[PDB]
>>> print(open('data.cif').read())   # mmCIF, C-alpha atoms and all ligand atoms; chains and numbers go by the auth columns
data_data
#
loop_
_atom_site.group_PDB
_atom_site.id
_atom_site.type_symbol
_atom_site.label_atom_id
_atom_site.label_comp_id
_atom_site.label_asym_id
_atom_site.label_seq_id
_atom_site.Cartn_x
_atom_site.Cartn_y
_atom_site.Cartn_z
_atom_site.B_iso_or_equiv
_atom_site.auth_seq_id
_atom_site.auth_asym_id
ATOM 1 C CA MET A 1 101.945 163.078 58.240 0.00 1 A
ATOM 2 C CA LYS A 2 102.126 159.304 57.811 0.00 2 A
ATOM 3 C CA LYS A 3 101.393 157.183 54.766 0.00 3 A
ATOM 4 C CA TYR A 4 98.742 154.470 55.049 0.00 4 A
ATOM 5 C CA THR A 5 98.520 151.270 53.031 0.00 5 A
ATOM 6 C CA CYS A 6 95.479 149.313 51.915 0.00 6 A
ATOM 7 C CA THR A 7 96.223 145.889 53.350 0.00 7 A
ATOM 8 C CA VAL A 8 93.973 144.230 50.761 0.00 8 A
ATOM 9 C CA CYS A 9 95.584 145.532 47.540 0.00 9 A
ATOM 10 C CA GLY A 10 98.774 147.434 48.489 0.00 10 A
ATOM 11 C CA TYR A 11 97.670 150.944 47.429 0.00 11 A
ATOM 12 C CA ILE A 12 99.474 153.663 49.413 0.00 12 A
ATOM 13 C CA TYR A 13 97.700 156.794 50.563 0.00 13 A
ATOM 14 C CA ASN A 14 100.241 159.610 50.533 0.00 14 A
ATOM 15 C CA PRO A 15 98.935 162.671 52.378 0.00 15 A
ATOM 16 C CA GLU A 16 101.127 164.940 50.200 0.00 16 A
ATOM 17 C CA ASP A 17 99.182 163.845 47.107 0.00 17 A
ATOM 18 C CA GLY A 18 95.747 163.206 48.586 0.00 18 A
ATOM 19 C CA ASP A 19 93.170 161.531 46.410 0.00 19 A
ATOM 20 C CA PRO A 20 91.785 164.631 44.652 0.00 20 A
ATOM 21 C CA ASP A 21 89.586 162.806 42.096 0.00 21 A
ATOM 22 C CA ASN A 22 87.517 161.525 45.029 0.00 22 A
ATOM 23 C CA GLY A 23 87.525 164.822 46.899 0.00 23 A
ATOM 24 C CA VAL A 24 90.473 164.262 49.236 0.00 24 A
ATOM 25 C CA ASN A 25 92.755 167.239 48.796 0.00 25 A
ATOM 26 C CA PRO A 26 96.545 167.230 49.165 0.00 26 A
ATOM 27 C CA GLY A 27 97.584 167.721 52.761 0.00 27 A
ATOM 28 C CA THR A 28 94.718 165.697 54.239 0.00 28 A
ATOM 29 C CA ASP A 29 95.732 163.469 57.169 0.00 29 A
ATOM 30 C CA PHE A 30 94.302 159.936 56.854 0.00 30 A
ATOM 31 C CA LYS A 31 92.216 160.408 60.042 0.00 31 A
ATOM 32 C CA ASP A 32 90.434 163.390 58.471 0.00 32 A
ATOM 33 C CA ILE A 33 89.458 161.606 55.268 0.00 33 A
ATOM 34 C CA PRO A 34 85.657 161.155 55.356 0.00 34 A
ATOM 35 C CA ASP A 35 84.905 157.703 56.783 0.00 35 A
ATOM 36 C CA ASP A 36 82.899 156.640 53.703 0.00 36 A
ATOM 37 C CA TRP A 37 85.959 156.913 51.424 0.00 37 A
ATOM 38 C CA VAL A 38 87.255 153.690 49.921 0.00 38 A
ATOM 39 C CA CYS A 39 90.522 152.483 48.417 0.00 39 A
ATOM 40 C CA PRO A 40 90.641 153.936 44.901 0.00 40 A
ATOM 41 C CA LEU A 41 92.124 150.712 43.464 0.00 41 A
ATOM 42 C CA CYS A 42 90.201 147.897 45.221 0.00 42 A
ATOM 43 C CA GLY A 43 87.133 149.543 46.816 0.00 43 A
ATOM 44 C CA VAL A 44 87.520 148.441 50.453 0.00 44 A
ATOM 45 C CA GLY A 45 86.919 150.777 53.397 0.00 45 A
ATOM 46 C CA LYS A 46 89.322 152.708 55.624 0.00 46 A
ATOM 47 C CA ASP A 47 89.189 149.976 58.268 0.00 47 A
ATOM 48 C CA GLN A 48 91.438 147.752 56.081 0.00 48 A
ATOM 49 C CA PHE A 49 94.210 150.368 56.003 0.00 49 A
ATOM 50 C CA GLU A 50 97.168 150.434 58.359 0.00 50 A
ATOM 51 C CA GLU A 51 99.760 153.108 59.177 0.00 51 A
ATOM 52 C CA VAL A 52 103.090 152.759 57.408 0.00 52 A
ATOM 53 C CA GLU A 53 105.836 152.960 60.087 0.00 53 A
HETATM 54 GA GA GA B . 92.948 148.617 48.130 0.00 1 B
#
>>> encode(input="data.cif", output="structure tokens")
Amino acid sequence: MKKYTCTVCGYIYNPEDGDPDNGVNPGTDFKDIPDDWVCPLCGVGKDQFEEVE
């Protein structure tokens, strides 16, 4: 699974770690994160994230 970065603040979503404090468990692909989730550091939506290639 690919990492995704918040293009507003630089936070990296790592699917190995998830974001468990906000209900995203380890092993969750970015696409399967509920679409109302926001960047845990800066608060913007998923639509400001881009795949890390
Ligand atoms: Ga951010």
>>> atom_distance(input="data.cif", atom1="atom CA of residue A:38", atom2="atom CA of residue A:15")
14.9 Å
>>> closest_residue(input="data.cif", among="A:41, A:12, A:33, A:24", to="ligand GA 1 (chain B)", atoms="all atoms listed in the file")
A:41
>>> residues_near_ligand(input="data.cif", ligand="ligand GA 1 (chain B)", cutoff="8 Å", atoms="all atoms listed in the file", output="PDB file with C-alpha atoms, in the coordinates of the input")
ATOM      1  CA  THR A   5      98.520 151.270  53.031  1.00  0.00           C
ATOM      2  CA  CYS A   6      95.479 149.313  51.915  1.00  0.00           C
ATOM      3  CA  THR A   7      96.223 145.889  53.350  1.00  0.00           C
ATOM      4  CA  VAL A   8      93.973 144.230  50.761  1.00  0.00           C
ATOM      5  CA  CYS A   9      95.584 145.532  47.540  1.00  0.00           C
ATOM      6  CA  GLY A  10      98.774 147.434  48.489  1.00  0.00           C
ATOM      7  CA  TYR A  11      97.670 150.944  47.429  1.00  0.00           C
ATOM      8  CA  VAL A  38      87.255 153.690  49.921  1.00  0.00           C
ATOM      9  CA  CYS A  39      90.522 152.483  48.417  1.00  0.00           C
ATOM     10  CA  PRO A  40      90.641 153.936  44.901  1.00  0.00           C
ATOM     11  CA  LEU A  41      92.124 150.712  43.464  1.00  0.00           C
ATOM     12  CA  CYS A  42      90.201 147.897  45.221  1.00  0.00           C
ATOM     13  CA  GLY A  43      87.133 149.543  46.816  1.00  0.00           C
ATOM     14  CA  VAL A  44      87.520 148.441  50.453  1.00  0.00           C
TER      15      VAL A  44
END
>>> resolve_selection(input="data.cif", expression="the PyMOL selection byres (((chain A and resi 31) around 12) and not hetatm)", output="VMD selection string")
chain A and resid 1 to 4 13 15 24 27 to 30 32 to 37 46 to 47 49 to 51
>>> decode(input="data.cif", residues="stretch 4-51 of chain A", atoms="N, CA and C atoms", output="short mmCIF file (atom, residue, chain, number, x, y, z; two decimals), in the first residue's frame")
data_model
loop_
_atom_site.label_atom_id
_atom_site.label_comp_id
_atom_site.auth_asym_id
_atom_site.auth_seq_id
_atom_site.Cartn_x
_atom_site.Cartn_y
_atom_site.Cartn_z
N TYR A 4 0.50 8.47 1.53
CA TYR A 4 -0.12 9.67 0.99
C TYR A 4 0.35 10.84 1.81
N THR A 5 0.57 11.99 1.18
CA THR A 5 0.97 13.18 1.92
C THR A 5 -0.08 14.27 1.83
N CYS A 6 -0.27 14.97 2.95
CA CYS A 6 -1.10 16.16 3.00
C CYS A 6 -0.32 17.28 2.33
N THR A 7 -0.82 17.78 1.21
CA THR A 7 -0.05 18.76 0.45
C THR A 7 -0.13 20.15 1.06
N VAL A 8 -0.94 20.32 2.10
CA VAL A 8 -1.02 21.58 2.82
C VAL A 8 0.02 21.66 3.93
N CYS A 9 0.21 20.60 4.70
CA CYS A 9 1.12 20.67 5.86
C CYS A 9 2.30 19.70 5.85
N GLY A 10 2.29 18.69 4.99
CA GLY A 10 3.38 17.73 4.89
C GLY A 10 3.23 16.42 5.66
N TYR A 11 2.19 16.31 6.48
CA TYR A 11 1.87 15.07 7.19
C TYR A 11 1.85 13.91 6.20
N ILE A 12 2.39 12.76 6.62
CA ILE A 12 2.37 11.55 5.80
C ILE A 12 1.46 10.52 6.45
N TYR A 13 0.49 10.05 5.69
CA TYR A 13 -0.32 8.91 6.08
C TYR A 13 0.43 7.65 5.68
N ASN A 14 0.75 6.81 6.66
CA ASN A 14 1.42 5.56 6.44
C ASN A 14 0.42 4.44 6.74
N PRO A 15 0.02 3.68 5.73
CA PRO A 15 -1.01 2.67 5.95
C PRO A 15 -0.60 1.61 6.98
N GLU A 16 0.70 1.35 7.14
CA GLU A 16 1.15 0.44 8.20
C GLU A 16 0.78 0.90 9.61
N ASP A 17 0.74 2.21 9.83
CA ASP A 17 0.48 2.77 11.15
C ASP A 17 -0.98 3.15 11.33
N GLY A 18 -1.66 3.48 10.24
CA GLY A 18 -3.00 4.03 10.31
C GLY A 18 -3.03 5.39 11.00
N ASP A 19 -4.20 5.72 11.51
CA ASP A 19 -4.40 6.87 12.36
C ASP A 19 -5.39 6.42 13.44
N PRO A 20 -4.95 5.52 14.32
CA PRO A 20 -5.87 4.84 15.24
C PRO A 20 -6.65 5.74 16.21
N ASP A 21 -6.09 6.88 16.60
CA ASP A 21 -6.77 7.79 17.52
C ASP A 21 -8.04 8.39 16.92
N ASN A 22 -8.10 8.43 15.59
CA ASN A 22 -9.26 8.89 14.85
C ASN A 22 -9.95 7.75 14.12
N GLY A 23 -9.75 6.53 14.59
CA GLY A 23 -10.53 5.39 14.13
C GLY A 23 -10.07 4.76 12.84
N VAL A 24 -8.88 5.10 12.36
CA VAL A 24 -8.34 4.47 11.16
C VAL A 24 -7.30 3.46 11.59
N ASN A 25 -7.62 2.18 11.46
CA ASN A 25 -6.75 1.15 12.00
C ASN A 25 -5.54 0.90 11.10
N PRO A 26 -4.45 0.40 11.67
CA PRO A 26 -3.33 -0.06 10.85
C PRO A 26 -3.79 -1.01 9.76
N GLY A 27 -3.17 -0.88 8.59
CA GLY A 27 -3.52 -1.68 7.44
C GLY A 27 -4.62 -1.13 6.57
N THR A 28 -5.07 0.10 6.83
CA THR A 28 -6.16 0.69 6.06
C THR A 28 -5.55 1.45 4.89
N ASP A 29 -5.91 1.04 3.67
CA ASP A 29 -5.56 1.74 2.44
C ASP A 29 -6.19 3.13 2.48
N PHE A 30 -5.47 4.15 1.99
CA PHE A 30 -6.01 5.51 1.95
C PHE A 30 -7.42 5.61 1.34
N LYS A 31 -7.67 4.88 0.26
CA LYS A 31 -8.97 4.93 -0.42
C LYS A 31 -10.12 4.50 0.48
N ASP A 32 -9.84 3.63 1.44
CA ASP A 32 -10.85 3.08 2.34
C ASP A 32 -11.02 3.87 3.63
N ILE A 33 -10.21 4.90 3.84
CA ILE A 33 -10.43 5.78 4.97
C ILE A 33 -11.76 6.49 4.74
N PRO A 34 -12.63 6.57 5.75
CA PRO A 34 -13.89 7.31 5.56
C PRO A 34 -13.66 8.73 5.02
N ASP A 35 -14.51 9.17 4.10
CA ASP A 35 -14.23 10.38 3.33
C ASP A 35 -14.46 11.66 4.14
N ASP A 36 -14.85 11.53 5.41
CA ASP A 36 -14.97 12.70 6.29
C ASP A 36 -13.77 12.87 7.23
N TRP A 37 -12.79 11.98 7.12
CA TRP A 37 -11.52 12.08 7.83
C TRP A 37 -10.71 13.27 7.33
N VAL A 38 -10.00 13.90 8.25
CA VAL A 38 -9.16 15.04 7.95
C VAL A 38 -7.74 14.80 8.45
N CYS A 39 -6.81 15.57 7.88
CA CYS A 39 -5.41 15.54 8.28
C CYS A 39 -5.32 15.77 9.77
N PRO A 40 -4.71 14.84 10.50
CA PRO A 40 -4.61 15.00 11.96
C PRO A 40 -3.76 16.19 12.43
N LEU A 41 -2.91 16.75 11.58
CA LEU A 41 -2.09 17.88 11.98
C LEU A 41 -2.69 19.24 11.58
N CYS A 42 -3.29 19.35 10.40
CA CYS A 42 -3.75 20.64 9.89
C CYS A 42 -5.26 20.74 9.60
N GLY A 43 -5.99 19.62 9.64
CA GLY A 43 -7.44 19.65 9.58
C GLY A 43 -8.09 19.70 8.21
N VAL A 44 -7.31 19.65 7.12
CA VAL A 44 -7.88 19.68 5.78
C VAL A 44 -8.36 18.28 5.36
N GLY A 45 -9.25 18.25 4.39
CA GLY A 45 -9.82 17.00 3.90
C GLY A 45 -8.91 16.12 3.06
N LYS A 46 -9.39 14.91 2.77
CA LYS A 46 -8.66 13.97 1.92
C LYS A 46 -8.33 14.49 0.54
N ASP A 47 -9.16 15.39 0.01
CA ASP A 47 -8.94 15.90 -1.34
C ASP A 47 -7.67 16.75 -1.52
N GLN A 48 -6.99 17.10 -0.42
CA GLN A 48 -5.71 17.81 -0.48
C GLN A 48 -4.51 16.88 -0.29
N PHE A 49 -4.76 15.58 -0.26
CA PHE A 49 -3.70 14.58 -0.20
C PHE A 49 -3.34 14.09 -1.58
N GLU A 50 -2.08 13.70 -1.75
CA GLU A 50 -1.64 13.08 -2.99
C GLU A 50 -0.78 11.84 -2.67
N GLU A 51 -0.91 10.83 -3.52
CA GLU A 51 -0.06 9.64 -3.48
C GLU A 51 1.41 10.01 -3.49
#
